[PDB]
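Before any comments, here is the structure.
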Amino acid sequence: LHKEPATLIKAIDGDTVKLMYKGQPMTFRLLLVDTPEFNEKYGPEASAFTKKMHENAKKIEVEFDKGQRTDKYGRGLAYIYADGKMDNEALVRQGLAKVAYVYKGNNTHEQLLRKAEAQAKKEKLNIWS
Ligand SMILES: Cc1cn([C@H]2C[C@H](OP(=O)(O)O)[C@@H](COP(=O)(O)O)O2)c(=O)[nH]c1=O
Ligand SMILES: [Ca+2]
């Protein structure tokens, strides 16, 4: 798997973001995670966490997995990195997302994320308190 450039266009919520990728605007959905929707508990905090991660980044990258690159809604499915740090991992480690939507063939970073989730639950963070 490999990292490719992208630039912020705009925040959407905890697990979706609008990025410019290969010079085209696209909505991206983070692989292997589920943040609460804005209107749910820890939804606002998830959206704030991801928004901040992308605003503060000098460099954003997207990394597709081996399988499907777009979902049925036309959203890109990727691991996204902010200054080298994986958003997907960072959300789970903070208890602001669960591991979820693990489909065969797009699951390269599953166990990395599950390790992060175990550590978040151990610490009873956010969604696990
Ligand atoms: C994360 C992810 C979501 N999805 C689809 C499945 C879900 O379909 P349904 O909308 O039919 O439930 C939906 C969940 O996204 P959200 O969690 O953003 O709503 O997006 C994928 O198909 N592939 C994926 O890798
Ligand atoms: Ca969600």
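Whatever order the structure lists them in is the order used to number ligands and atoms, beginning at 1. In this chain, numbering begins with 1 at the start of the sequence shown. The basis for the numbers below is simple: all heavy atoms, side chains too, and nothing from hydrogens, waters or symmetry mates.
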Considering only the protein, which heavy-atom contact is closest to atom 9 (P) of ligand 1, and what is its distance? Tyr73 OH, 3.5 Å
Please give the atom name: the N, O or S atom of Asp15 nearest to the Ca ion (ligand 2). OD2
Can you tell me the protein heavy atom closest to atom 15 (O) of ligand 1 and the distance? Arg75 NH2, 3.1 Å
Donor-acceptor under 3.5 Å (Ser129 side chain, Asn126 main chain): yes
Salt-bridge criterion met for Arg75 and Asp15 (N-O under 4.0 Å): no
Whether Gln68 lies under 4.0 Å from ligand 1, heavy atom: no
Sub-3.5 Å N/O-N/O distance, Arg29 and ligand 1: yes
Just wondering, is there an N, O or S atom on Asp34 that's nearer than 3.0 Å to the Ca ion (ligand 2)? yes
Indicate yes or no: does an N/O atom of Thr16 lie under 3.5 Å from an N/O atom of ligand 1? no
Which of the numbered atoms in ligand 1 are below 4.0 angstrom from a heavy atom of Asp34? 17 (O)
So, are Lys104 and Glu110 salt-bridged, with charged N and O less than 4.0 Å apart? no
Give the residue and atom name of whichever protein heavy atom lies nearest to atom 12 (O) of ligand 1, and the separation in Å to one decimal. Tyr101 OH, 4.4 Å
For the pair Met53 and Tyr81, evaluate side-chain contact (heavy atoms from CB on, under 4.5 Å) and give the outcome as yes or no after the intermediate values. CA-CA 9 Å; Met53 272 204 301; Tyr81 293 83; over 6 Å; no
What about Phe64 and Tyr21, are their ring centers closer than 6.0 Å? yes
Before signing off on this row, confirm whether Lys72 and ligand 1 have an N or O atom pair separated by under 3.5 Å. yes
Can you find a protein heavy atom under 4.0 Å from atom 19 (O) of ligand 1? no
So does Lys58 get a backbone contact from the side chain of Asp83, meaning a donor-acceptor N/O pair under 3.5 Å? yes
Main-chain N/O of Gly74 paired with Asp71 side-chain donor or acceptor, under 3.5 Å: yes
Between the main-chain N or O of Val99 and the side-chain N or O of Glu117, is there a donor-acceptor pair closer than 3.5 Å? yes
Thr35 near the Ca ion (ligand 2) via N/O/S, less than 3.0 Å: yes
Of the protein's non-hydrogen atoms, which lies at the shortest distance from atom 21 (C) of ligand 1, and what is that distance? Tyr103 CE1, 3.7 Å
Just by modelled atom types, is the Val102 backbone N or O under 3.5 Å from a matching donor or acceptor in the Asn107 side chain? no
